[PDB]
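Asks: Input file: upload.pdb. Contents: PDB, C-alpha atoms and all ligand atoms.
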```pdb
ATOM      1  CA  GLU A   2      77.115 127.123  95.333
ATOM      2  CA  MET A   3      78.056 123.856  97.048
ATOM      3  CA  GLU A   4      81.426 125.594  97.297
ATOM      4  CA  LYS A   5      80.021 127.413 100.308
ATOM      5  CA  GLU A   6      79.035 124.155 102.007
ATOM      6  CA  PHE A   7      82.531 122.911 101.181
ATOM      7  CA  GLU A   8      84.196 125.821 102.962
ATOM      8  CA  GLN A   9      81.755 125.441 105.844
ATOM      9  CA  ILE A  10      82.694 121.806 106.476
ATOM     10  CA  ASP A  11      86.367 122.673 105.990
ATOM     11  CA  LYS A  12      86.126 125.479 108.537
ATOM     12  CA  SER A  13      84.731 122.815 110.889
ATOM     13  CA  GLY A  14      86.941 119.796 110.185
ATOM     14  CA  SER A  15      83.656 117.909 110.059
ATOM     15  CA  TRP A  16      84.557 115.757 107.046
ATOM     16  CA  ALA A  17      84.937 112.547 109.022
ATOM     17  CA  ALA A  18      81.677 113.603 110.667
ATOM     18  CA  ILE A  19      79.910 114.044 107.322
ATOM     19  CA  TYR A  20      81.434 110.913 105.813
ATOM     20  CA  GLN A  21      80.477 108.795 108.802
ATOM     21  CA  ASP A  22      76.893 109.955 108.568
ATOM     22  CA  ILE A  23      76.820 108.728 104.980
ATOM     23  CA  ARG A  24      78.469 105.389 105.804
ATOM     24  CA  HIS A  25      75.547 104.977 108.210
ATOM     25  CA  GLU A  26      72.893 106.161 105.750
ATOM     26  CA  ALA A  27      74.206 103.961 102.920
ATOM     27  CA  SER A  28      72.199 101.070 101.488
ATOM     28  CA  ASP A  29      72.842  97.487 102.479
ATOM     29  CA  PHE A  30      71.651  94.520 100.439
ATOM     30  CA  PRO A  31      72.379  90.767 100.154
ATOM     31  CA  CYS A  32      75.414  89.335  98.328
ATOM     32  CA  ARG A  33      74.459  85.673  98.655
ATOM     33  CA  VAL A  34      75.964  84.752  95.289
ATOM     34  CA  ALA A  35      79.307  86.431  95.928
ATOM     35  CA  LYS A  36      79.504  84.670  99.296
ATOM     36  CA  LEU A  37      78.923  81.204  97.824
ATOM     37  CA  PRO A  38      81.754  78.645  98.243
ATOM     38  CA  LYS A  39      82.487  78.016  94.560
ATOM     39  CA  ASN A  40      82.924  81.751  93.940
ATOM     40  CA  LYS A  41      85.419  81.977  96.778
ATOM     41  CA  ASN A  42      88.492  82.219  94.570
ATOM     42  CA  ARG A  43      86.735  84.797  92.377
ATOM     43  CA  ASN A  44      86.790  87.525  94.976
ATOM     44  CA  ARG A  45      89.681  89.750  96.035
ATOM     45  CA  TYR A  46      88.601  91.143  99.429
ATOM     46  CA  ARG A  47      86.322  89.703 102.095
ATOM     47  CA  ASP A  48      84.539  93.036 102.554
ATOM     48  CA  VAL A  49      84.111  94.127  98.908
ATOM     49  CA  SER A  50      81.146  92.236  97.484
ATOM     50  CA  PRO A  51      78.628  93.032  94.754
ATOM     51  CA  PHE A  52      74.966  93.171  95.793
ATOM     52  CA  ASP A  53      73.015  90.324  94.215
ATOM     53  CA  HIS A  54      70.363  92.604  92.662
ATOM     54  CA  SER A  55      72.876  94.612  90.635
ATOM     55  CA  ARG A  56      75.653  92.112  89.987
ATOM     56  CA  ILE A  57      76.787  91.684  86.397
ATOM     57  CA  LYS A  58      76.223  88.123  85.255
ATOM     58  CA  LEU A  59      78.545  86.374  82.824
ATOM     59  CA  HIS A  60      76.788  84.599  79.969
ATOM     60  CA  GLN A  61      78.353  81.216  80.737
ATOM     61  CA  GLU A  62      76.115  78.297  81.705
ATOM     62  CA  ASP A  63      78.918  77.114  83.987
ATOM     63  CA  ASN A  64      79.463  79.743  86.704
ATOM     64  CA  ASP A  65      78.058  83.212  85.986
ATOM     65  CA  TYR A  66      79.954  84.973  88.769
ATOM     66  CA  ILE A  67      82.311  87.941  88.668
ATOM     67  CA  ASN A  68      82.708  90.611  91.331
ATOM     68  CA  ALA A  69      81.295  93.571  89.379
ATOM     69  CA  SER A  70      78.215  95.796  89.695
ATOM     70  CA  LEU A  71      75.994  97.802  87.372
ATOM     71  CA  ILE A  72      75.519 101.316  88.756
ATOM     72  CA  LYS A  73      72.635 102.840  86.850
ATOM     73  CA  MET A  74      72.067 106.575  87.224
ATOM     74  CA  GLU A  75      68.589 107.177  85.882
ATOM     75  CA  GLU A  76      68.271 110.974  85.943
ATOM     76  CA  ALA A  77      71.792 111.485  84.610
ATOM     77  CA  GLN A  78      71.121 108.792  82.010
ATOM     78  CA  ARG A  79      74.549 107.308  82.656
ATOM     79  CA  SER A  80      75.735 103.801  83.575
ATOM     80  CA  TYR A  81      78.939 102.375  84.983
ATOM     81  CA  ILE A  82      80.121  98.885  85.806
ATOM     82  CA  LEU A  83      82.470  98.974  88.784
ATOM     83  CA  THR A  84      84.563  95.890  89.332
ATOM     84  CA  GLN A  85      87.588  94.688  91.308
ATOM     85  CA  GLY A  86      91.032  94.718  89.704
ATOM     86  CA  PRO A  87      91.359  91.339  87.866
ATOM     87  CA  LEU A  88      92.915  88.388  89.701
ATOM     88  CA  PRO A  89      95.385  85.909  88.160
ATOM     89  CA  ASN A  90      92.473  83.689  87.186
ATOM     90  CA  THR A  91      89.614  86.106  86.591
ATOM     91  CA  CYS A  92      91.206  87.861  83.614
ATOM     92  CA  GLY A  93      89.301  85.726  81.149
ATOM     93  CA  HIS A  94      86.110  86.465  83.080
ATOM     94  CA  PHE A  95      86.961  90.161  83.093
ATOM     95  CA  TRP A  96      87.351  90.405  79.347
ATOM     96  CA  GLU A  97      84.295  88.209  78.806
ATOM     97  CA  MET A  98      82.251  90.767  80.715
ATOM     98  CA  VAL A  99      83.810  93.535  78.651
ATOM     99  CA  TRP A 100      82.728  91.723  75.518
ATOM    100  CA  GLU A 101      79.250  90.659  76.644
ATOM    101  CA  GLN A 102      78.383  94.044  78.124
ATOM    102  CA  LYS A 103      79.505  95.609  74.867
ATOM    103  CA  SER A 104      81.700  98.065  76.714
ATOM    104  CA  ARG A 105      83.844 100.570  74.821
ATOM    105  CA  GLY A 106      86.214 101.607  77.551
ATOM    106  CA  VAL A 107      87.928 100.307  80.651
ATOM    107  CA  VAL A 108      89.071 102.786  83.297
ATOM    108  CA  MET A 109      92.024 101.833  85.498
ATOM    109  CA  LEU A 110      92.695 104.119  88.456
ATOM    110  CA  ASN A 111      95.526 102.139  90.015
ATOM    111  CA  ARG A 112      99.018 100.929  89.145
ATOM    112  CA  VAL A 113      99.767  97.224  88.822
ATOM    113  CA  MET A 114     101.972  97.620  91.868
ATOM    114  CA  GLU A 115     101.479 100.179  94.641
ATOM    115  CA  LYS A 116     103.294 100.218  98.001
ATOM    116  CA  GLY A 117     105.405  97.245  96.933
ATOM    117  CA  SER A 118     102.329  95.037  96.378
ATOM    118  CA  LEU A 119     100.456  93.712  93.350
ATOM    119  CA  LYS A 120      97.046  95.351  93.065
ATOM    120  CA  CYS A 121      95.827  93.325  90.095
ATOM    121  CA  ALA A 122      97.149  91.102  87.319
ATOM    122  CA  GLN A 123      98.717  92.365  84.106
ATOM    123  CA  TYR A 124      95.469  91.727  82.230
ATOM    124  CA  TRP A 125      96.370  93.502  78.980
ATOM    125  CA  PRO A 126      99.368  92.950  76.642
ATOM    126  CA  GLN A 127     102.304  95.323  77.155
ATOM    127  CA  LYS A 128     103.818  94.728  73.721
ATOM    128  CA  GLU A 129     101.929  94.532  70.425
ATOM    129  CA  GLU A 130     104.090  91.654  69.116
ATOM    130  CA  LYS A 131     102.917  89.608  72.081
ATOM    131  CA  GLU A 132      99.142  89.206  72.233
ATOM    132  CA  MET A 133      97.218  87.479  75.010
ATOM    133  CA  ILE A 134      94.878  84.493  74.770
ATOM    134  CA  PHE A 135      92.290  83.634  77.432
ATOM    135  CA  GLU A 136      91.706  79.952  76.751
ATOM    136  CA  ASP A 137      88.860  79.514  79.234
ATOM    137  CA  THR A 138      86.709  82.288  77.739
ATOM    138  CA  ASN A 139      88.142  82.088  74.199
ATOM    139  CA  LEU A 140      89.032  85.728  73.679
ATOM    140  CA  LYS A 141      92.149  87.241  72.136
ATOM    141  CA  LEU A 142      93.462  90.613  73.238
ATOM    142  CA  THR A 143      95.872  92.724  71.206
ATOM    143  CA  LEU A 144      97.623  95.991  71.997
ATOM    144  CA  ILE A 145      97.053  98.313  69.032
ATOM    145  CA  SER A 146      98.780 101.456  70.309
ATOM    146  CA  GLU A 147      99.796 103.155  73.536
ATOM    147  CA  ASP A 148      99.963 106.854  74.354
ATOM    148  CA  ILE A 149     101.825 107.675  77.566
ATOM    149  CA  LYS A 150     101.037 111.180  78.755
ATOM    150  CA  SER A 151     102.356 112.714  81.972
ATOM    151  CA  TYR A 152      99.382 111.854  84.197
ATOM    152  CA  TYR A 153      97.741 108.907  82.431
ATOM    153  CA  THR A 154      98.074 106.465  79.552
ATOM    154  CA  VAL A 155      95.538 105.585  76.881
ATOM    155  CA  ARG A 156      95.671 102.337  74.931
ATOM    156  CA  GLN A 157      93.800 100.995  71.932
ATOM    157  CA  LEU A 158      93.212  97.256  72.193
ATOM    158  CA  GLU A 159      91.665  94.681  69.890
ATOM    159  CA  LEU A 160      89.414  92.127  71.500
ATOM    160  CA  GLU A 161      88.436  89.170  69.352
ATOM    161  CA  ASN A 162      85.848  86.517  70.087
ATOM    162  CA  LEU A 163      87.604  83.356  68.883
ATOM    163  CA  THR A 164      84.213  81.651  68.886
ATOM    164  CA  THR A 165      82.493  83.969  66.397
ATOM    165  CA  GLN A 166      85.637  85.706  65.171
ATOM    166  CA  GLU A 167      84.093  89.143  65.441
ATOM    167  CA  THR A 168      86.488  91.884  66.542
ATOM    168  CA  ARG A 169      85.999  95.015  68.681
ATOM    169  CA  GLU A 170      88.118  98.027  69.584
ATOM    170  CA  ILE A 171      88.403  98.712  73.303
ATOM    171  CA  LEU A 172      89.894 101.889  74.760
ATOM    172  CA  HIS A 173      91.862 101.483  78.002
ATOM    173  CA  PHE A 174      92.164 104.652  80.090
ATOM    174  CA  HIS A 175      94.793 104.237  82.754
ATOM    175  CA  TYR A 176      95.260 106.899  85.416
ATOM    176  CA  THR A 177      98.862 106.335  86.467
ATOM    177  CA  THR A 178      99.558 109.225  88.868
ATOM    178  CA  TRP A 179      97.208 108.625  91.811
ATOM    179  CA  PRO A 180      99.376 108.760  94.989
ATOM    180  CA  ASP A 181     100.143 105.738  97.183
ATOM    181  CA  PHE A 182      98.747 107.512 100.228
ATOM    182  CA  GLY A 183      95.937 110.032 100.381
ATOM    183  CA  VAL A 184      94.369 111.721  97.372
ATOM    184  CA  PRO A 185      95.681 114.205  94.801
ATOM    185  CA  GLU A 186      96.441 117.690  96.144
ATOM    186  CA  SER A 187      94.922 119.106  92.975
ATOM    187  CA  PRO A 188      91.830 117.686  91.201
ATOM    188  CA  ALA A 189      93.189 119.185  87.995
ATOM    189  CA  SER A 190      94.759 116.090  86.415
ATOM    190  CA  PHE A 191      91.972 113.768  87.539
ATOM    191  CA  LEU A 192      89.470 116.017  85.761
ATOM    192  CA  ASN A 193      91.402 116.166  82.492
ATOM    193  CA  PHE A 194      91.454 112.387  82.721
ATOM    194  CA  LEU A 195      87.670 112.259  83.147
ATOM    195  CA  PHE A 196      87.245 114.582  80.184
ATOM    196  CA  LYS A 197      89.508 112.489  77.974
ATOM    197  CA  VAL A 198      87.399 109.462  78.814
ATOM    198  CA  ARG A 199      84.231 111.331  77.881
ATOM    199  CA  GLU A 200      85.786 112.634  74.686
ATOM    200  CA  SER A 201      86.379 109.032  73.586
ATOM    201  CA  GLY A 202      82.677 108.132  73.697
ATOM    202  CA  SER A 203      83.148 105.338  76.254
ATOM    203  CA  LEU A 204      80.671 106.908  78.657
ATOM    204  CA  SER A 205      78.197 107.651  75.893
ATOM    205  CA  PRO A 206      74.734 106.034  75.302
ATOM    206  CA  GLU A 207      75.587 104.250  72.067
ATOM    207  CA  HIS A 208      77.872 101.956  74.063
ATOM    208  CA  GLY A 209      77.766  99.532  76.920
ATOM    209  CA  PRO A 210      78.670 100.697  80.444
ATOM    210  CA  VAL A 211      82.261 101.760  80.827
ATOM    211  CA  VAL A 212      84.101  99.266  83.017
ATOM    212  CA  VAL A 213      85.859 100.911  85.954
ATOM    213  CA  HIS A 214      88.220  99.413  88.519
ATOM    214  CA  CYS A 215      90.861 100.243  91.117
ATOM    215  CA  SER A 216      92.145  97.984  93.830
ATOM    216  CA  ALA A 217      88.683  97.060  95.145
ATOM    217  CA  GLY A 218      86.832  98.958  92.421
ATOM    218  CA  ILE A 219      85.129 101.213  94.981
ATOM    219  CA  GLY A 220      87.700 103.597  96.438
ATOM    220  CA  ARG A 221      88.879 105.697  93.525
ATOM    221  CA  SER A 222      86.269 104.133  91.262
ATOM    222  CA  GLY A 223      83.394 105.730  93.127
ATOM    223  CA  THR A 224      85.057 109.118  92.899
ATOM    224  CA  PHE A 225      85.367 108.798  89.128
ATOM    225  CA  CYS A 226      81.667 108.058  88.739
ATOM    226  CA  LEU A 227      80.435 110.461  91.381
ATOM    227  CA  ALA A 228      82.242 113.368  89.761
ATOM    228  CA  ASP A 229      81.009 112.428  86.297
ATOM    229  CA  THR A 230      77.345 112.142  87.250
ATOM    230  CA  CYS A 231      77.286 115.324  89.328
ATOM    231  CA  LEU A 232      78.804 117.357  86.494
ATOM    232  CA  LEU A 233      76.464 115.781  83.990
ATOM    233  CA  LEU A 234      73.568 116.694  86.314
ATOM    234  CA  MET A 235      74.534 120.355  86.767
ATOM    235  CA  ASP A 236      74.722 120.279  82.969
ATOM    236  CA  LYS A 237      71.053 119.410  82.461
ATOM    237  CA  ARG A 238      69.228 120.560  85.572
ATOM    238  CA  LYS A 239      67.398 123.886  85.379
ATOM    239  CA  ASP A 240      68.907 124.605  88.786
ATOM    240  CA  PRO A 241      72.570 123.406  88.908
ATOM    241  CA  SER A 242      72.920 124.485  92.525
ATOM    242  CA  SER A 243      70.419 121.720  93.317
ATOM    243  CA  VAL A 244      72.877 118.906  92.559
ATOM    244  CA  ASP A 245      73.686 117.377  95.956
ATOM    245  CA  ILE A 246      76.782 115.172  96.088
ATOM    246  CA  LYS A 247      75.662 113.561  99.326
ATOM    247  CA  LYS A 248      72.367 112.818  97.592
ATOM    248  CA  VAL A 249      73.941 111.474  94.392
ATOM    249  CA  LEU A 250      76.437 109.402  96.358
ATOM    250  CA  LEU A 251      73.749 107.489  98.266
ATOM    251  CA  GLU A 252      71.813 106.841  95.069
ATOM    252  CA  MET A 253      75.011 105.324  93.704
ATOM    253  CA  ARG A 254      75.649 103.223  96.809
ATOM    254  CA  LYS A 255      72.312 101.524  96.174
ATOM    255  CA  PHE A 256      74.141  99.567  93.469
ATOM    256  CA  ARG A 257      77.533  98.847  95.018
ATOM    257  CA  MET A 258      78.983  99.293  98.483
ATOM    258  CA  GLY A 259      82.233 101.024  99.338
ATOM    259  CA  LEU A 260      82.090 103.922  96.897
ATOM    260  CA  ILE A 261      84.321 106.570  98.539
ATOM    261  CA  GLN A 262      86.202 104.638 101.248
ATOM    262  CA  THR A 263      87.524 107.676 103.182
ATOM    263  CA  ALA A 264      86.658 111.216 104.269
ATOM    264  CA  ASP A 265      89.595 112.669 102.349
ATOM    265  CA  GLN A 266      88.175 110.914  99.321
ATOM    266  CA  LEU A 267      84.838 112.599  99.918
ATOM    267  CA  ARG A 268      86.425 116.017 100.402
ATOM    268  CA  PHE A 269      88.367 115.372  97.214
ATOM    269  CA  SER A 270      85.179 114.376  95.414
ATOM    270  CA  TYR A 271      83.611 117.689  96.415
ATOM    271  CA  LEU A 272      86.691 119.489  95.113
ATOM    272  CA  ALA A 273      86.623 117.729  91.752
ATOM    273  CA  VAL A 274      82.970 118.575  91.148
ATOM    274  CA  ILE A 275      83.366 122.221  92.221
ATOM    275  CA  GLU A 276      86.432 122.853  90.075
ATOM    276  CA  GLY A 277      85.067 120.853  87.186
ATOM    277  CA  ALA A 278      81.844 122.819  87.538
ATOM    278  CA  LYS A 279      83.688 126.084  86.963
ATOM    279  CA  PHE A 280      85.753 124.883  84.008
ATOM    280  CA  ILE A 281      82.692 123.326  82.376
ATOM    281  CA  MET A 282      79.560 125.237  83.292
ATOM    282  CA  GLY A 283      81.389 128.565  83.386
ATOM    283  CA  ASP A 284      82.241 130.097  86.777
TER     284      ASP A 284
HETATM  285  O1  LIG B   1      91.889 103.240  97.082
HETATM  286  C1  LIG B   1      90.696 102.883  97.860
HETATM  287  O2  LIG B   1      89.927 103.745  98.303
HETATM  288  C2  LIG B   1      90.442 101.589  98.087
HETATM  289  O3  LIG B   1      89.329 101.123  97.841
HETATM  290  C3  LIG B   1      91.606 100.713  98.668
HETATM  291  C4  LIG B   1      91.168  99.289  98.859
HETATM  292  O4  LIG B   1      91.458  98.602  97.754
HETATM  293  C5  LIG B   1      90.550  98.536  99.896
HETATM  294  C6  LIG B   1      89.245  97.924  99.694
HETATM  295  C7  LIG B   1      88.609  97.148 100.738
HETATM  296  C8  LIG B   1      89.255  96.953 102.030
HETATM  297  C9  LIG B   1      90.565  97.546 102.295
HETATM  298  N1  LIG B   1      91.259  97.354 103.646
HETATM  299  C10 LIG B   1      92.144  96.131 103.847
HETATM  300  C11 LIG B   1      91.602  94.928 104.747
HETATM  301  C12 LIG B   1      90.193  94.498 104.706
HETATM  302  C13 LIG B   1      89.736  93.377 105.553
HETATM  303  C14 LIG B   1      90.668  92.676 106.442
HETATM  304  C15 LIG B   1      92.072  93.093 106.491
HETATM  305  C16 LIG B   1      92.541  94.212 105.649
HETATM  306  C17 LIG B   1      91.122  98.403 104.779
HETATM  307  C18 LIG B   1      89.684  98.457 105.467
HETATM  308  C19 LIG B   1      88.644  99.377 104.956
HETATM  309  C20 LIG B   1      87.311  99.427 105.593
HETATM  310  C21 LIG B   1      86.995  98.568 106.740
HETATM  311  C22 LIG B   1      88.011  97.652 107.262
HETATM  312  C23 LIG B   1      89.353  97.593 106.630
HETATM  313  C24 LIG B   1      91.217  98.342 101.219
END
```
In structure tokens, write the structure found in this file.
Replies:
Amino acid sequence: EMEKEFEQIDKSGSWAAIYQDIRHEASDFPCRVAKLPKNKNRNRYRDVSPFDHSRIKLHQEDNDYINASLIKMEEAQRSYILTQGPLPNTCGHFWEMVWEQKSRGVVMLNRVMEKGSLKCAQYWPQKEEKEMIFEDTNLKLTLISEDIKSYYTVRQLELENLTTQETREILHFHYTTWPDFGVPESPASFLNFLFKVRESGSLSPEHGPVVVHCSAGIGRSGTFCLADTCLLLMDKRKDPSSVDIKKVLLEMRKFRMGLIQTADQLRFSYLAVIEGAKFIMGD
């Protein structure tokens, strides 16, 4: 099993070597729209841009920009929208995308503040008595219920389109225990988190693409999607041992850059898949 390859690389400390080879092999496409002047204040980092060909477009005649990408995995029959953590003035855009893409869940893999810095705006209401209104995009957001477990929190939210007045239930899966530095020592919690997300139906076909984000929506985000797809693939392929992470990862990077930003992240990704493989597809 890929577990062997894992141990091989480990026994060679060749992770940075493997990871670098991928960074080199990765796809590179234009981001002309993201780089436009008007969309300047709509981006978080200078080096985290969505390719033009796979960027999600807002349905507003004004400016249709938002730093988010549609990662479509054909064989796995899965889709994910990776985006950057919302900025003070892109929260309305964020939720508009959620609404227009008919998403069911939003996955947050970061904490509002990490290392004494803000990593994104408080884009969802913390108290049910105090809803949130995004005047620019005319959407109302209401906290229905929160469930704080030891490693993550899950929230039910009501999103209403003030224009039409239709209402939708959005699940917010927030992974709150990812460490400030490095990656988890054990993939255990991360996997239960993934499974809870699946169990909700947010990744399922009868719904729009789940919306995933982190700090740049590429570091931990990529890991979340890479692990999901790989497991799903070992789940349907006649030959599970034929699922190649390195291969799946590059397919994914054809839709958004920066998935897996470090070698430890990669190693960790391998771990997650391997362990998850056992727990799911038997040993
Ligand atoms: O948790 C994760 O995995 C992340 O994904 C974390 C992250 O939010 C994220 C994203 C983009 C960039 C960065 N910098 C910050 C910087 C950039 C430009 C100028 C000054 C500072 C690091 C850097 C990386 C690669 C090349 C060059 C720099 C962090």
Asks: On this structure, the PyMOL selection byres (((chain A and resi 275-277) around 8) and not hetatm) would catch which residues? List them as a PDB file with C-alpha atoms, in the coordinates of the input, sorted by chain and number.
Replies:
```
ATOM      1  CA  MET A   3      78.056 123.856  97.048  1.00  0.00           C
ATOM      2  CA  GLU A   4      81.426 125.594  97.297  1.00  0.00           C
ATOM      3  CA  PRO A 188      91.830 117.686  91.201  1.00  0.00           C
ATOM      4  CA  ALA A 189      93.189 119.185  87.995  1.00  0.00           C
ATOM      5  CA  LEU A 192      89.470 116.017  85.761  1.00  0.00           C
ATOM      6  CA  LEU A 232      78.804 117.357  86.494  1.00  0.00           C
ATOM      7  CA  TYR A 271      83.611 117.689  96.415  1.00  0.00           C
ATOM      8  CA  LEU A 272      86.691 119.489  95.113  1.00  0.00           C
ATOM      9  CA  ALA A 273      86.623 117.729  91.752  1.00  0.00           C
ATOM     10  CA  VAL A 274      82.970 118.575  91.148  1.00  0.00           C
ATOM     11  CA  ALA A 278      81.844 122.819  87.538  1.00  0.00           C
ATOM     12  CA  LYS A 279      83.688 126.084  86.963  1.00  0.00           C
ATOM     13  CA  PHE A 280      85.753 124.883  84.008  1.00  0.00           C
ATOM     14  CA  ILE A 281      82.692 123.326  82.376  1.00  0.00           C
TER      15      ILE A 281
END
```
Asks: Please produce, as a Markdown table, a per-residue contact table for chain A versus ligand LIG 1 (chain B) (criterion: any atom at most 9 Å away, only C-alpha atoms and all ligand atoms considered), showing the nearest atom pair and its distance in Å to one decimal, sorted by chain then residue number.
Replies:
```
| residue | atom | partner | partner_atom | distance |
| --- | --- | --- | --- | --- |
| A:45 | CA | B:LIG1 | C7 | 8.8 |
| A:46 | CA | B:LIG1 | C7 | 6.1 |
| A:47 | CA | B:LIG1 | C13 | 6.1 |
| A:48 | CA | B:LIG1 | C13 | 6.0 |
| A:49 | CA | B:LIG1 | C7 | 5.7 |
| A:85 | CA | B:LIG1 | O4 | 8.5 |
| A:86 | CA | B:LIG1 | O4 | 8.9 |
| A:110 | CA | B:LIG1 | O1 | 8.7 |
| A:111 | CA | B:LIG1 | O1 | 8.0 |
| A:120 | CA | B:LIG1 | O4 | 8.0 |
| A:181 | CA | B:LIG1 | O1 | 8.6 |
| A:182 | CA | B:LIG1 | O1 | 8.7 |
| A:183 | CA | B:LIG1 | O1 | 8.6 |
| A:184 | CA | B:LIG1 | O1 | 8.8 |
| A:215 | CA | B:LIG1 | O1 | 6.8 |
| A:216 | CA | B:LIG1 | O4 | 4.0 |
| A:217 | CA | B:LIG1 | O4 | 4.1 |
| A:218 | CA | B:LIG1 | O3 | 6.3 |
| A:219 | CA | B:LIG1 | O3 | 5.1 |
| A:220 | CA | B:LIG1 | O2 | 2.9 |
| A:221 | CA | B:LIG1 | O2 | 5.3 |
| A:222 | CA | B:LIG1 | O3 | 7.9 |
| A:223 | CA | B:LIG1 | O2 | 8.6 |
| A:259 | CA | B:LIG1 | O3 | 7.3 |
| A:260 | CA | B:LIG1 | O3 | 7.8 |
| A:261 | CA | B:LIG1 | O2 | 6.3 |
| A:262 | CA | B:LIG1 | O2 | 4.8 |
| A:263 | CA | B:LIG1 | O2 | 6.7 |
| A:266 | CA | B:LIG1 | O2 | 7.4 |
```
Asks: Would you output that residue set with C-alpha atoms, as an mmCIF file, in the frame of the given file?
Replies:
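The result, written out as out04.cif:
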```cif
data_model
loop_
_atom_site.group_PDB
_atom_site.id
_atom_site.type_symbol
_atom_site.label_atom_id
_atom_site.label_comp_id
_atom_site.auth_asym_id
_atom_site.auth_seq_id
_atom_site.Cartn_x
_atom_site.Cartn_y
_atom_site.Cartn_z
ATOM 1 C CA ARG A 45 89.681 89.750 96.035
ATOM 2 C CA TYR A 46 88.601 91.143 99.429
ATOM 3 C CA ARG A 47 86.322 89.703 102.095
ATOM 4 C CA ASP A 48 84.539 93.036 102.554
ATOM 5 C CA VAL A 49 84.111 94.127 98.908
ATOM 6 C CA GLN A 85 87.588 94.688 91.308
ATOM 7 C CA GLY A 86 91.032 94.718 89.704
ATOM 8 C CA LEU A 110 92.695 104.119 88.456
ATOM 9 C CA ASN A 111 95.526 102.139 90.015
ATOM 10 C CA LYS A 120 97.046 95.351 93.065
ATOM 11 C CA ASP A 181 100.143 105.738 97.183
ATOM 12 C CA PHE A 182 98.747 107.512 100.228
ATOM 13 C CA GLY A 183 95.937 110.032 100.381
ATOM 14 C CA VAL A 184 94.369 111.721 97.372
ATOM 15 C CA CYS A 215 90.861 100.243 91.117
ATOM 16 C CA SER A 216 92.145 97.984 93.830
ATOM 17 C CA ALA A 217 88.683 97.060 95.145
ATOM 18 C CA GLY A 218 86.832 98.958 92.421
ATOM 19 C CA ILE A 219 85.129 101.213 94.981
ATOM 20 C CA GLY A 220 87.700 103.597 96.438
ATOM 21 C CA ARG A 221 88.879 105.697 93.525
ATOM 22 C CA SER A 222 86.269 104.133 91.262
ATOM 23 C CA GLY A 223 83.394 105.730 93.127
ATOM 24 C CA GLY A 259 82.233 101.024 99.338
ATOM 25 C CA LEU A 260 82.090 103.922 96.897
ATOM 26 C CA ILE A 261 84.321 106.570 98.539
ATOM 27 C CA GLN A 262 86.202 104.638 101.248
ATOM 28 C CA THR A 263 87.524 107.676 103.182
ATOM 29 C CA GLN A 266 88.175 110.914 99.321
#
```
Asks: Return as a count of residues only the set of residues that the PyMOL selection byres (((chain A and resi 155) around 6) and not hetatm) yields on the displayed structure.
Replies: 6
Asks: For region 172-187 of chain A, what centre and edge lengths in Å (one decimal) does the axis-aligned box get once 3 Å is added on each side of all its listed atoms, as JSON?
Replies:
```
{"center_x": 95.0, "center_y": 110.3, "center_z": 87.6, "size_x": 16.2, "size_y": 23.6, "size_z": 31.6}
```
Asks: Evaluate the PyMOL selection byres (((chain A and resi 197) around 12) and not hetatm) and record the selected residues as a ChimeraX atom specification, following the chain and residue labels used in the document.
Replies: /A:106,108,150,152-155,172-176,190-196,198-204,229
Asks: Quote the spacing between CA of residue 255 (chain A) and CA of residue 8 (chain A) in Å to one decimal place.
Replies: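 Separation between CA of residue 255 (chain A) and CA of residue 8 (chain A): 27.9 Å.
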Asks: Any idea what the distance is between CA of residue 159 (chain A) and CA of residue 130 (chain A)?
Replies: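 Here the two named atoms are 12.8 Å from each other.
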Asks: When distances are computed from only C-alpha atoms, which of A:139, A:118, A:104, A:42 shows the smallest separation from residue 91 (chain A)?
Replies: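 Closest candidate: A:42.
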Asks: Write out as a count of residues only the residues lying within 12 Å of residue 28 (chain A), counting only C-alpha atoms and excluding same-chain residues fewer than 2 positions away.
Replies: 18
Asks: As an exercise, work out the distance from CA of residue 140 (chain A) to CA of residue 36 (chain A) in Å and give it to one decimal place.
Replies: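 Separation of CA of residue 140 (chain A) and CA of residue 36 (chain A): 27.4 Å.
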Asks: Counting only C-alpha atoms, figure out which residue out of A:105, A:92, A:11, A:228 gets nearest to residue 133 (chain A).
Replies: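 The shortest atom-to-atom distance to residue 133 (chain A) comes from A:92.
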Asks: Show me, as a ChimeraX atom specification, the residues that have an atom within 10 Å of residue 58 (chain A) when counting all atoms listed in the file, minus same-chain residues fewer than 2 positions from it.
Replies: /A:53,55-56,60-61,64-71,98,101-102
Asks: Taking into account all atoms listed in the file, which residue in the set A:151, A:78, A:165, A:177 is nearest to residue 114 (chain A)?
Replies: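 With all atoms listed in the file as the atom set, the closest residue is A:177.
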Asks: Taking all atoms listed in the file into account, name the residue in A:84, A:242, A:270, A:13 that is nearest to residue 282 (chain A).
Replies: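 For residue 282 (chain A), the nearest of the given residues is A:242.
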Asks: Please determine, counting all atoms listed in the file, which residue among A:267, A:235, A:72, A:35 has the shortest atom-to-atom distance to residue 7 (chain A).
Replies: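 Ranking A:267, A:235, A:72, A:35 by distance to residue 7 (chain A), first place goes to A:267.
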